[PDB]
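The structure appears below as structure tokens.
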4 protein chains.
Amino acid sequence: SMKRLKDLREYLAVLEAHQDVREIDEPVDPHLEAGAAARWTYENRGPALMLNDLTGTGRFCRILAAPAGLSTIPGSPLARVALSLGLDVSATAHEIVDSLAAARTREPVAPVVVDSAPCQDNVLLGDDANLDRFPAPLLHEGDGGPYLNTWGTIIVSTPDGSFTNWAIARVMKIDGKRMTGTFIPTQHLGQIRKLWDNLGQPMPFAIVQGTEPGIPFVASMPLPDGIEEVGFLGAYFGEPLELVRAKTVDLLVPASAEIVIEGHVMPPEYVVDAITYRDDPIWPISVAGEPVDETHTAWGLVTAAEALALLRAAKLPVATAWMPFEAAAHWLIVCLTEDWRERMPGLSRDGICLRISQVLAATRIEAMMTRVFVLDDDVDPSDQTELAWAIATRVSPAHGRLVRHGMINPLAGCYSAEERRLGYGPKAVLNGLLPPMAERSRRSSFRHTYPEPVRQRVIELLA
Amino acid sequence: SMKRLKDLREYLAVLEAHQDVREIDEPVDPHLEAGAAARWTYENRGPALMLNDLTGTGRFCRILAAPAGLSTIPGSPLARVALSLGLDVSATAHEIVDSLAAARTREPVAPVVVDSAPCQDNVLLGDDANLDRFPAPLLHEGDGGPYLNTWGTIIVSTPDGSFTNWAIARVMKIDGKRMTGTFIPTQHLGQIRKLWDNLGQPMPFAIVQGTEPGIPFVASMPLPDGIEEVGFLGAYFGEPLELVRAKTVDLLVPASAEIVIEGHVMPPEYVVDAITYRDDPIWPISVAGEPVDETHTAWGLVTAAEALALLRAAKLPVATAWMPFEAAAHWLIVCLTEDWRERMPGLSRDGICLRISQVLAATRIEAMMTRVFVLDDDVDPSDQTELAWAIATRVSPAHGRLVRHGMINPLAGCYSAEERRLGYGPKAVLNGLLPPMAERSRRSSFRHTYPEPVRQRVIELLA
Amino acid sequence: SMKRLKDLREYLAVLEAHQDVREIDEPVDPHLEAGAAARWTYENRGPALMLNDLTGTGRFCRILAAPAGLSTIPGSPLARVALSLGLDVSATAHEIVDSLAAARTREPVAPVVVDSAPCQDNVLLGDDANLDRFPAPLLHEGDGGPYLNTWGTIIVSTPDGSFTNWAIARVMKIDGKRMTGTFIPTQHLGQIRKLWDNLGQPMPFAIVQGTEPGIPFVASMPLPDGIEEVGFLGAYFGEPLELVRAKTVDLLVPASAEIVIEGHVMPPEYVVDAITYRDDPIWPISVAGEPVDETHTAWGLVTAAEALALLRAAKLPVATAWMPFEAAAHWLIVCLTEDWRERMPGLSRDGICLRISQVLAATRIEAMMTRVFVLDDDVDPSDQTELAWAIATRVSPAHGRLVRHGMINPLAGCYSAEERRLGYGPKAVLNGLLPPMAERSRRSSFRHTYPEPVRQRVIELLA
Amino acid sequence: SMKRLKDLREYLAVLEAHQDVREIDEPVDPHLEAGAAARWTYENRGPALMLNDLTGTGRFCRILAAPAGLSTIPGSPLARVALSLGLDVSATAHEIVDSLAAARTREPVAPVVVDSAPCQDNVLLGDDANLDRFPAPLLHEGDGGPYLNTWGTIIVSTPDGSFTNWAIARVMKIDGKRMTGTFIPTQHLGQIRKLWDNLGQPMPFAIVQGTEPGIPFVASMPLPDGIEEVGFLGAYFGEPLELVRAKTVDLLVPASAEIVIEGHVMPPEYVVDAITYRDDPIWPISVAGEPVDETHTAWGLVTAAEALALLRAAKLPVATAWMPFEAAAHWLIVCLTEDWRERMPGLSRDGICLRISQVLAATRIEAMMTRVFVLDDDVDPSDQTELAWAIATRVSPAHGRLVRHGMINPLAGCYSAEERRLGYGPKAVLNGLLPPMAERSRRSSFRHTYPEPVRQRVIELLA
Ligand code: NA
Ligand code: NA
Ligand code: NA
Ligand code: NA
């Protein structure tokens with residue numbers, strides 16, 4: 001019973017109904033103010049912002065800030081993530097990652113090609129296809145230039161057209177016709193780009209902004225090599241995604257897009273050949289930084305879902321997995337089921353942490369995990385206070401730490417200059433599992449230390 | 001310019017004015033319901049509760065739950081602590097610990113003896129001095145019996161009457177005339193009790209409930225041997241505390257008390273000889289458990305203030321110290337001033353962490369510190385999210401950890417059964433200090449990454 | 001100016017001249033006594049033994065015990081290794097590993113095919129090719145059966161005949177016509193066996209015993225995939241090795257062999273089709289166990305030479321590398337040149353240990369290195385006492401340790417049952433490098449603390 | 001059945017009988033050559049040297065070098081230590097430390113005062129008591145000046161004359177009448193000196209050279225406060241030591257001395273008032289440095305015996321304790337009895353290492369132990385190769401390490417400049433204990449892997 005939102009207009013109408021989006025009619029400068037407005041919103045847990053009037057381009061193209069920031073909906077901080085993934089506004093952290101991990105066990109659903117889409121109501125070709133017609137947000141003071149892609153999806157196919165990857169990567173503006181961005185060889189955009197370099201031809205590309213809200217989550221997900229995001233999205237929502245043919249390149253793009261930037265990557269510069277957009281386009285942005293923004297609510301969250309699916313595929317009894325937002329997507333929490341010993345009869349607590357480390361180390365996501373804490377599932381790892389309490393009271397100050405050295409996340413902060421320069425540094429797995437213990441010996445709180453009738457009576461008096 | 005609240009009535013009238021206390025007129029059972037009501041309040045950040053009607057004793061003696069729990073006052077979660085310590089309702093974590101540490105550098109102020117006090121308006125002697133007249137709260141299902149003292153102060157003097165210690169220790173009820181509690185030889189109540197055992201005489205004692213709100217904070221503070229709490233309280237508030245002579249023992253007690261239990265500790269059982277109380281007495285309780293209760297807001301907080309004073313007395317450039325409530329008073333955070341290298345020219349980051357560890361290890365509080373994180377003072381350690389972000393992004397997953405083994409806190413959770421049985425286990429100091437770095441290279445947030453006029457303009461549009 | 005010994009007779013005549021081989025004319029039982037005689041010899045640093053008379057087969061086939069054990073030659077414990085590798089009887093540990101590592105930078109020398117060889121003076125075919133004609137030594141009480149190969153070389157080619165690997169692996173006798181041994185898929189015998197399994201044909205093989213003494217050292221060496229041992233041996237000695245065609249299989253075998261066992265590996269059982277041998281054959285054995293035997297003098301030694309070549313190929317300033325015999329080939333010592341900082345200007349001591357760990361982790365030999373100690377080259381790592389002194393006085397008891405977890409050596413002793421069962425466990429790199437220090441501040445000994453004339457004068461008086 | 005050697009002449013006559021002392025009749029310079037001659041002797045395991053003719057003083061006073069260096073006696077490297085402690089020339093490492101630890105459980109034996117002694121046959125008083133009459137050896141190039149005491153004993157009493165400590169401490173010559181040396185407040189010479197400073201009087205002292213060989217071993221032993229060395233020596237040998245009254249100070253000195261230097265320590269300079277000596281005096285020296293010298297054979301050895309006695313007094317099942325000479329007295333090895341689990345039923349391997357660490361940390365010797373390895377007693381920790389093999393094959397590369405930080409040995413090499421400057425650094429306890437294992441699963445050697453008759457038969461053939 002999914003509640004898939006089919007485009008950004010539907011997503012915004014649902015946020016509006018829950019008073020979780022605010023319109024700003026005063027002029028906002030894309031030079032630093034739009035980015036600062038997004039940071040204020042994340043950090044104060046404000047409503048998403050629709051910047052209706054931007055210096056330089058006026059009311060032509062709106063900007064959506066904090067598209068999946070923490071929500072203002074009372075009692076539902078994950079509501080933007082939940083709604084983006086077609087779940088109830090009050091879906092829990094565990095229901096979200098479990099829904100994504102469950103879809104990894106299902107067969108991919110091929111998309112369907114539609115003849116027309118609102119994203120092509122307006123078409124700009126040749127010299128008219130110029131990025132100077134749209135906002136060029138300078139998101140942070142020290143950035144190298146305007147970051148045109150922070151929440152949109154890059155689409156590239158292999159030369160034969162048999163495989164297509166969808167990915168969010170940062171793209172910076174050079175001028176009105178050119179953009180640039182990194183093509184890491186360990187990522188899929190780079191692997192596909194190498195195939196176009198071997199044939200000696202420019203790689204065709206498309207960048208879509210403001211699609212249905214589920215796409216940027218799956219485009220952030222580190223799926224295995226050879227698994228298409230569009231197929232996974234189809235299996236996740238239980239129906240085909242509708243794609244439309246691009247106007248100047250042989251690529252299929254989401255029909256739900258607000259804006260489509262088409263072109264070729266020269267053998268790294270993106271060259272714009274066409275820009276298509278629906279009437280009154282909206283360009284979402286994501287302003288990465290300290291917690292909590294979409295680096296944490298989308299990228300780290302879908303990385304936790306992928307870890308949960310990989311650990312379960314290795315038959316480990318993992319109740320849930322989560323990348324705590326306060327740890328800025330540097331940490332993975334792995335919670336084992338209460339009966340993990342019955343499910344894995346031959347291993348001690350140290351043994352199951354060794355096995356988790358071994359399984360995670362064989363996957364694509366291992367370098368992202370600066371720390372993995374292994375805990376019992378009486379802890380909700382999305383509850384900041386309960387998670388800090390469990391780590392402080394269950395992880396020894398000296399033992400239960402399994403260090404590995406190898407490839408590291410170059411964006412992670414906890415590395416020395418030498419470790420960064422070598423791309424070689426430590427990653428740890430910390431054992432916070434308890435021995436078999438009665439609920440009242442490991443807890444001391446309202447819900448764990450008082451009989452049901454006493455709690456009921458207190459709830460009647462106070463709630 | 002202190003704003004000292006002189007008794008519990010004044011404290012409660014100030015909480016009432018800020019809508020931070022709620023009266024419960026329905027009957028509440030001291031058998032588990034009062035304790036459960038206190039846990040619900042802590043965990044939901046509710047107003048302090050005045051339980052006006054208790055099963056067994058009716059409206060005779062009221063119970064105050066969550067006397068210094070987190071406050072409901074908007075934007076002021078530490079308001080109960082701040083008001084208890086005579087500070088503004090909005091005093092920050094740093095102003096609180098800094099005010100306490102500043103008083104450790106001042107000369108003690110001797111108390112003054114008053115002839116009469118409201119705590120002696122009603123006097124019960126002999127067979128009338130029976131604890132069965134007052135509530136006997138069973139605070140948690142598995143407790144050994146009713147805990148009569150969780151927030152009151154125990155007063156004991158040395159045989160010569162030259163030195164008096166005030167301390168909060170748990171006291172359990174045996175029957176109407178007797179109570180029991182531990183007398184650890186490493187603590188001051190035990191050290192003073194040994195002097196009464198050498199002379200072969202029962203130690204006189206007094207337990208006061210519901211005093212002025214500052215007393216339980218200083219009675220929780222692990223001050224050095226030979227420093228009286230009453231003298232420190234006097235130096236802290238900048239005026240003498242008023243004491244009154246006890247009716248059946250040669251002891252001075254706070255004139256601000258709600259209830260005074262007098263007696264002798266038999267050579268360990270407390271035997272009640274007299275009970276005195278003011279009209280409509282209030283018996284506060286503290287229901288220790290998971291975060292956040294007075295174990296964290298008072299005991300861990302005053303332990304952080306004592307650590308800050310000890311580190312500063314060793315000439316270390318410590319900006320602030322704090323025991324994060326989410327880590328259940330297991331962790332100390334030590335923040336160094338930005339110019340610590342100018343102040344300590346001969347030490348590297350590792351060197352200053354070694355020095356901090358050496359200084360803390362020579363003090364009475366070292367065994368309580370399961371982990372100490374050493375960080376820069378651009379982090380507010382009382383901000384849960386910023387603290388977790390700083391630890392995750394600045395503490396290496398492998399290096400910068402200084403482990404010591406020795407005496408441990410027997411109540412701390414992060415120890416194995418063998419470490420607890422030996423009383424011997426690990427304590428760690430973790431280095432999260434950064435090399436010299438520009439603000440924009442170590443931060444990415446609203447307040448650190450945008451110019452003042454851009455932030456002002458965003459605040460005008462959104463706040 | 002190599003001094004290559006061309007067969008086992010020449011090797012034995014050189015040991016005889018230095019009184020480093022002893023003949024035992026009394027009968028010795030291959031059931032445990034030959035193995036026990038080899039252990040006594042290793043452990044007491046006795047001469048190599050020529051067992052002239054064996055129970056069951058009499059004087060037909062002699063056994064050579066401790067072929068490369070520590071030598072009795074005064075002042076030359078490595079003499080058997082040195083002579084085996086064509087070096088002077090007094091070649092140092094460093095000259096040995098440096099000679100092997102220098103040959104890794106030279107082009108391979110193709111062997112030459114000779115028409116006849118002494119190893120085919122006697123030929124046994126069909127039912128006559130029966131292992132019951134030769135000794136079947138039970139080397140240790142608890143072994144599964146007789147180990148026929150402990151010091152001989154297994155020869156296998158790829159189906160096309162374009163690539164040949166030579167390797168020492170343990171082979172156990174089943175009966176007179178069959179033997180068995182492990183074919184690990186991570187080793188070359190297994191990788192080549194997989195190619196014969198794909199075609200669905202039995203893999204032809206040959207096992208040679210008692211070849212020229214240099215062959216078992218290179219057959220123990222973990223060379224990169226695609227580097228033939230015969231080509232390396234040729235480059236090392238500076239001349240082609242002479243091979244002869246096997247009688248019943250399309251394989252080339254060393255013409256210097258004492259015995260040649262030919263056959264096919266059935267898709268794991270070795271089936272004997274022919275046995276050829278020179279008059280008065282000698283079957284060498286190696287009896288692995290505690291230090292010091294050929295596990296240490298040959299396998300660990302050639303593994304240190306391969307590590308030295310790999311570290312130098314990555315441009316690291318490595319003076320020498322060594323696997324100390326007392327650590328039973330569990331440890332690698334890496335010594336840096338005195339001017340390593342001038343050669344690697346951008347790295348601290350920690351940084352160069354990180355780089356060494358990164359380089360070693362990318363190679364085939366990483367899992368063998370349970371511990372790597374990185375030291376200065378003022379330490380001779382082949383001097384037991386100086387090495388223990390340098391580790392104790394230069395490796396911090398807490399810091400400078402870089403742990404990695406991954407594949408482990410299943411034969412290494414320092415792993416728990418769970419780490420062995422998972423094949424996953426810790427390997428460490430320990431930093432024992434000093435800061436720049438004057439010779440007299442880091443040494444206190446005869447050769448480092450007294451002027452040249454004072455030492456000369458003492459040598460004149462005492463030596 | 002002790003074989004106590006009563007003076008240095010008897011000790012030297014016993015070494016002579018075993019060809020373990022060599023006389024050098026050629027002139028040797030005390031300026032560097034005597035020290036270099038001692039280093040050559042230690043490092044080449046040469047006989048002890050009697051330097052009969054010294055530049056400057058001729059044949060007046062002989063020098064004994066390497067008094068307890070490793071012995072030349074075949075199969076008995078510890079013979080000088082064994083003979084010094086009244087044991088058989090072939091006493092094992094374990095018999096030596098066990099004999100010393102057994103004496104710690106016996107009542108002290110008061111000495112006896114004799115009227116005359118050979119050490120007073122020649123008496124120098126006033127201006128004749130001048131150190132320029134005796135050799136002034138400059139033992140190492142960079143020393144601050146001549147070290148007059150390296151193997152002799154300093155004798156000091158408390159002002160009341162109720163307690164006397166005997167200790168070896170380095171004493172440097174200033175001129176003919178004055179010497180200097182450190183008086184560490186944590187050591188006994190300093191503690192006794194503080195009592196003479198409180199009364200405002202110079203502390204009388206005596207330095208004895210060339211006593212009976214057992215005295216420098218006990219004068220090196222870190223016995224508890226209040227245990228006199230003379231009483232311990234008496235209990236160890238099972239008879240009273242004979243003392244003689246000093247000529248110019250109220251002190252008793254060993255009657256077995258070669259030379260007695262008497263005087264007062266000025267409130268730190270030793271001032272010489274009298275020198276007494278027996279005919280043809282011998283002045284022994286000890287030239288500390290790299291292994292192996294008396295720092296290792298005496299100081300570290302008696303420290304291992306004291307650790308063995310302290311661990312046994314805490315009821316730990318310790319088979320033996322040893323400070324390996326190759327680790328330069330930086331390491332303690334603690335071996336547990338095979339049945340330690342039966343003797344300590346409630347502890348795991350980690351638990352017993354925690355308990356050992358806790359017991360050692362409460363003693364005077366804890367700061368000396370940079371590393372403690374806890375092993376099973378199937379390992380002889382005095383066998384260099386077996387010890388290195390056991391550490392490499394039984395101590396995990398990552399786990400089983402218990403680090404403590406605290407006071408360190410300022411002479412130990414394994415500390416950074418910051419740790420030395422603070423006097424604060426890490427000390428580790430490493431767990432090398434095995435789970436219950438059959439002899440053949442943990443050993444592979446001649447004595448452990450072959451039946452008794454097979455070994456007997458091999459010994460008959462080869463030994
Ligand atoms: Na992708
Ligand atoms: Na106190
Ligand atoms: Na090979
Ligand atoms: Na002493």
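Order of the sequence lines fixes the chain letters, A, B, ..., with proteins taken first and strands second; residue numbering starts at 1 for each chain. Just so it is clear, the values below take in all heavy atoms, side chains as well, and ignore hydrogens, waters and symmetry mates.
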Side chains of [X] and [Y]: closer than 4.5 Å at any heavy-atom pair?
X	Y	answer
D:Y277	D:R133	yes
D:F134	D:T57	no
D:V218	D:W166	no

Exercise. Once the angle between the rings of C:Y450 and D:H140 is folded into 0 to 90°, is it parallel (under 30°), tilted (30 to 60°) or perpendicular (over 60°)?
Worked result: parallel

In terms of side-chain geometry, is the basic nitrogen of [X] or [Y] positioned less than 4.0 Å from the acidic oxygen of its partner?
X	Y	answer
D:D25	D:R59	no
D:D197	D:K194	no
C:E386	C:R443	yes
D:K247	D:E262	no

Problem set entry | Within the 6.0 Å centroid threshold, strictly below: D:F232 and D:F217 | no

Backbone of [Y] reached by a side-chain donor or acceptor of [X] within 3.5 Å:
X	Y	answer
D:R45	D:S71	yes
D:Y11	D:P67	yes
D:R193	D:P268	no
D:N149	D:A169	yes
C:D376	C:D378	no
D:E43	C:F446	yes
D:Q209	D:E258	no
D:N44	D:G46	no
D:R420	D:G413	yes
D:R364	D:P224	no

For [X] versus [Y], what's the shortest heavy-atom pair and its separation?
X	Y	value
D:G210	D:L8	O-CB, 3.5 Å
D:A328	C:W389	CB-CD1, 3.8 Å
D:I96	D:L85	CG2-CD1, 3.8 Å
D:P222	D:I365	CG-CG2, 3.5 Å

What distance do [X] atom [atom1] and [Y] atom [atom2] have between them, rounded to the nearest 0.5 Å?
X	Y	atom1	atom2	result
D:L83	D:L78	CG	CG	10.5 Å
D:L308	D:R104	CG	CZ	11.0 Å
D:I155	D:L252	CD1	CG	8.5 Å

Exercise. Taking only residues two or more places apart in sequence, or in another chain, which ones meet D:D380 in a salt bridge (charged side-chain N to carboxylate O under 4.0 Å, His left out)?
Worked result: none

For this session: For the residue pair D:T164 and D:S157, confirm or rule out a side-chain donor-acceptor distance under 3.5 Å.
Result: yes

Exercise. Have C:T72 and C:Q19 got a donor and an acceptor in their side chains that come within less than 3.5 Å?
Worked result: no

Problem set entry | Partner of D:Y42 under side-chain hydrogen bond (donor to acceptor under 3.5 Å, both in side chains), chosen from D:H296, D:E290, D:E294 | D:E294

